[PDB]
């Protein structure tokens, strides 16, 4: 089993998953003086149906909000993509304290948390399971979360956590459009990368928003009060789940702006 402890964490993942030392690993530090503006990048277009929201689940190291993905009711288009990508999940990463928590960094600056909105290429593949290992299979929007004022748009998510406190618990999570969590501007960086935890597939086209969203210190505390243990065991809070940034290995981060 992999995790984020010193024994099973990011620094040891390569033992079980050798791709952890690959050439397209995520997250990365975005150095803005080295980004390349691309005039061929179109605007990001998201159109999500709130009826596709399905379920929230404690997965031990984090929690996931999953969506019905049987059709194109909820899609991401534009940016670097010619294909439509179907929403299937969003989740967060956070750190042990406010000073860190994001996965991507910008000019070395660490933010308090990071939102990931994940999609799969339904123009080319028939399912998430098929798409997840293909180089053009996944598209994930990352939004950096800067500690400050409480973010009211997180409210439904935060209010749901008390029903999935321990590992494996799950509950209906319906009628929610996660485009309400995105920043007002969708100016972005993009680069070819990977899942940020095992199985670390190098299948993700990343879309990192330039604008951050807010989160309060107490809202972050609610994430960290989720438990990684199963019901009845000694409580083990989910203190953190962000991977360190990884070498670019010659990749180009492109800017839409």
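Positions refer to the first chain, counted from 1.
Asks: When the C-alpha temperature factors are averaged for each of 91-99 and 113-121, which stretch ends up with the higher value in the entry?
Replies: Looking at the recorded C-alpha B-factors, 91-99 comes out higher on average.
Asks: Return whichever of 155-163 and 140-148 has the greater mean Cα B factor according to the PDB record.
Replies: On average, C-alpha B-factors are higher across 155-163.
Asks: At the C-alpha atoms, which of 43, 198, 60, 193 reaches the highest B-factor in this entry?
Replies: Highest C-alpha B-factor among the listed options: 43.
Asks: By the CA temperature factor listed in this entry, which of these ranks top: 174, 105, 72, 180?
Replies: That would be 72.
Asks: Comparing residue 64 with the other modelled residues of its chain, is its CA B-factor in the lowest, middle or highest third?
Replies: Answer is lowest: the recorded C-alpha B-factor places it there.
Asks: Place residue 39 in the lowest, middle or highest third of its chain's C-alpha B-factors, as listed in the PDB entry.
Replies: According to the entry, residue 39 has a C-alpha B-factor in the chain's highest third.
Asks: Looking at the temperature factor on the CA atom of residue 51, which third of the chain's modelled residues does it land in?
Replies: For residue 51, the deposited C-alpha B-factor lands in the highest third.
Asks: So where's residue 33 on the chain's Cα temperature factor ranking, which third?
Replies: CA B-factor rank for residue 33: highest third.
Asks: Going by the recorded CA B-factors, say which third of the chain residue 80 sits in, lowest, middle or highest.
Replies: According to the entry, residue 80 has a C-alpha B-factor in the chain's highest third.
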